[PDB]
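Taking it in order: structure first as structure tokens, then the write-up.
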Ligand code: SF4
Ligand code: SF4
Ligand code: SF4
């Protein structure tokens, strides 16, 4: 009756009263967000950005092809029987076909192939991603050496205790590499 | 000191993600040097600004 | 039902079109080559793909009317338009907003 | 400022090799290759890391090796030289073409200077190498940018 | 014979259902060959024995031109177990006439798993409800995952050029 | 011949004359489309999680002006985030034709560029989304970082500003219709809308339950 | 006669009668008859052929194969 | 045009499907407000994974596998490397075994968090969808540090163990993360157990009995949410999961509310297994493992077959031995098994992925029997589906 709609309305109109308060307290917190083109976030030490190449190191043995999941890197080599050693003449990894699993940088004896940190490769043409040996041998783009980007760090790289990379004035990783060489 | 392409340097500055990692440098250019870090499984070279790299014998 | 075979360059529908609205038929197949203008056509090669479209419709007129069989006709037309590029009959359109070169890049013949 | 005229087209005919410093969120660089395209100049927007040696790519033919993906032989696709194949398709009633290289900031200074000295030895051809970033889009020649 | 039986093979021997017992697995389960005429007689006894959970109804090709196999790796599920007894029933079927009777009414997990065996391999399951193609278009004609499957020359399946 | 897959010479002069006023209206025309373009909430394979991580709090989707729409008509951009097979290949063209003409498809991941890891041996994967729909910006990666998609938005935003207002005519499809009559037998559809109420699930048939 | 690693071509008469024709479509694609497929891993009477198209390799009989010189 | 008839109306859910669990297509037919039948059309993400593996070596197929259950990631690499290492008898070191427990329990948290966000938006309140993905971004950077990628394409699992050891500031960064995330697990639980409007959409909505769950074929938090207590980490003594004390989350109700509380309790039990593995690590932290490598580098209790990330780094030409096999890994979504039979060469002869979601999606027509139209995405969001695992 009329003595119920003043009591059946309170049970949830105050629950949204204790729900409007917590959502207004969500606006109290600082926006934890990575504004991209002015704060690019630093990749990790193992991040597989894109493959680098050393033309003065690749001795023509096609281990990168046999360990690739799709046998992608084109190794163009002649035998060169006047010197009795195979010397390559062209090398290309067609990115866009490349999944960045980096089996080629792992199974290489001469340490030629290597992953960079640049993920910012995006062309208007599919065939502009077929990188040459001298286009893969170009120097990577470091996030820190850019005078428009304030590079914020990643989680598992902050000091121990903080879970954000914005109000971080200094510091390093949460452990030491060689702290125990003169201790033990 | 100057850097030749193939010496083992290590990073010295503290305001960097790679604090004291060491490795072979590769493809030195007009103001930049990339140091192959030899880290664990996937070898990674990172550009630097031709300084804060103290080599070891 | 509108069984159709829509690749980039070949849009084969099972039906006839009356002013945009496609009506599903049983007897006919409609085809418009290059809905997007990626290739600059001419009057010669547009009839050359009609020597291929009505050839493959007459050839596969003993099979079933499925989306698999329309895709087999629409694939062999798309393998025929690519042969017209390698013969140098038609060329890529430059007034198009995209220049992604789906049927291979321009390349010279025998280095 | 905001109301931009056609000073970007006149600076490109003067220098021949510009170097834009655009905002890194994009959208404001392309308003100047519309003033460029309104004055008859066609535009080939390429990607600066995707090019190999610019001598062997732009003015010389290059053998592009496609992805054989383990199920093909090593094919060599000899593409035509880029700046001198897009010049011959360009009709002589219109002006030259411009190379709108994006992500120019991963090009070396030896490749910056090669794009600078090529625009005068090759007639009706210019470059605009989008290198670096700035809060306001601004340009300068490539001759003194390599002298920085 | 040459190969002895196991704990499941001696149960089927005690119910007058002769099965060609293969050896043990590389992990240690029993492999049992059952003909397609005596499959529903064998699996009805194993379901009443306690094998209430079938997993990985896997069709398998013994080689090109050889006999197709439909395997049934059925386990004895309980409320709490520590390596419960499992057995894999393999049913060989020829390429021509590839019919194996469906075990949907015994285990309902062989509804989509036998459809996947019919979608890829050509194994038609008699008595199977809604036997169609799941993973492929329903108007596809070939049988992939066989060694003999010649993939058609579709424009979409070619290289990116 | 002379050159394989040639470039057709543009015989039109492209007399793109304009004053200060009409290009000032063309800047507002291009800015309004680059700065608030709405992507379709589309995703098939793994690259939708990297696209949905960009919807979230750490990377801001609605910061460039990108509002995800779960409808093809309200959206213009469509980020193809996922491997498309032979199925979803007619469904993605249908999502593409139901859009207003400033569309600007961008391909995301390796499997919308060349069908990346399934480009070697897969019987049902279309190798690259550019075998079905025209692509504006390509984006390699497997999967790309959410920062790497926001570069492809920035590369896309530089392409909207190059679009001219008097070149709005090529955005509509040309219609070179042709017609041929066939003699293929029509088939009843395989997937009718009954699964549980089909007359084969209620009871096992005879000549098979005798041996059960 | 057919070694492992030479270019073979598929004959159409001996293919569309046998057990290898049940798995595929009856309308055979044209890459089989252009002789470019490299045979790898011959196993008894059958042979796996890596054709130049980016599709999965097929296993065909050695009687259904002709060497393409 | 559209007419108004009296027969039951069939609506197509469509392969567009703007949701985060893949691309389904449900031809669900309606009876006004109740559904009467529904067929699921799958295969829109069938890339032919089983035909690929017959032309891949194991190191060439390890990048391929973390795309079936791409919410999980390394749960797919767990089953993959366990198929030849349990067939060739290759010993895995003890330290690399505990890193596998550390990585898999973090994947199950990320598996459940990707399930949780879309599920809370489908059942009502949409505001935790943006706060749950923030918690998954901490798990991304824990994999981005140790491996080279965020959640998938992380070639970490190997045949002789694991790819590399952890980073330096890693073990102290679950102690920042999984000591901060564990207070939020009970916060996610009190969203549905409290506010009793969500329980009127999940009690009895999509209920499955215990006897029908074993017969239809179920695993993980859909089988165990009917009162079965079947967990393959407990049932199969799988890779030093038996060295910890942790309870199997069971809820004998069958409904979608039972599936919610189990998956929340799987998040809570995963942090228990994590903290018992970070402290039960054989060499402990890698910066302290490497510390003993320099003080006692000649011959110590360390530098053994254990206390290292791989047994022997195998060649790319690693031949799988001959024999059938079936390895099981309790994923976050159920039992992910593969039926490996290999010849003596480097390619396996048959690689039948038995997915955890392919066998749980076949019950979705039976769960959508008598349920309403607004409770269709409430059912499908609670099966924890990833299409790509279903279709492969
Ligand atoms: S893997 Fe290394 S050594 Fe082998 S071909 Fe490639 S670059 Fe040369
Ligand atoms: S990243 Fe992967 S696909 Fe690319 S070259 Fe390395 S192994 Fe091959
Ligand atoms: S390349 Fe990998 S991440 Fe990208 S769409 Fe394909 S499966 Fe997904």
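Numbers in chain F come straight from Swiss-Prot, and the residues shown are 7-218, in order.
Per the header of the entry, the method used was electron microscopy, 3.1 Å.
Placement of Cβ uses the backbone N, Cα and C atoms for every residue, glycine included.
Annotated in Swiss-Prot:
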| type | residues | note |
| --- | --- | --- |
| BINDING | F:52, F:53, F:117, F:148 | [4Fe-4S] cluster binding site |
Across all protein chains shown, the one of the binding-site residues F:52, F:53, F:117 with the most other Cβ atoms within 10 Å of its Cβ is F:117
Same-chain residues at least 6 apart in sequence with Cβ under 8 Å of the Cβ of residue F:148 ([4Fe-4S] cluster binding site), in sequence order, are F:115, F:116, F:117, F:122, F:123
Using Cβ atoms and a cut-off of under 8 Å, determine which of the binding-site residues F:52, F:53, F:148 neighbour chain A, and list them by sequence position, or give 'none'. F:148
Per DSSP (helix/strand/coil reduction), residue F:148 ([4Fe-4S] cluster binding site) sits in coil
Provide the list of binding-site residues among F:52, F:53, F:148 whose C-beta sits under 8 Å from chain H at the C-beta level, in sequence order; use 'none' for an empty result. F:52, F:148
On the three-state reduction of DSSP, what should I expect for residue F:53 ([4Fe-4S] cluster binding site)? helix
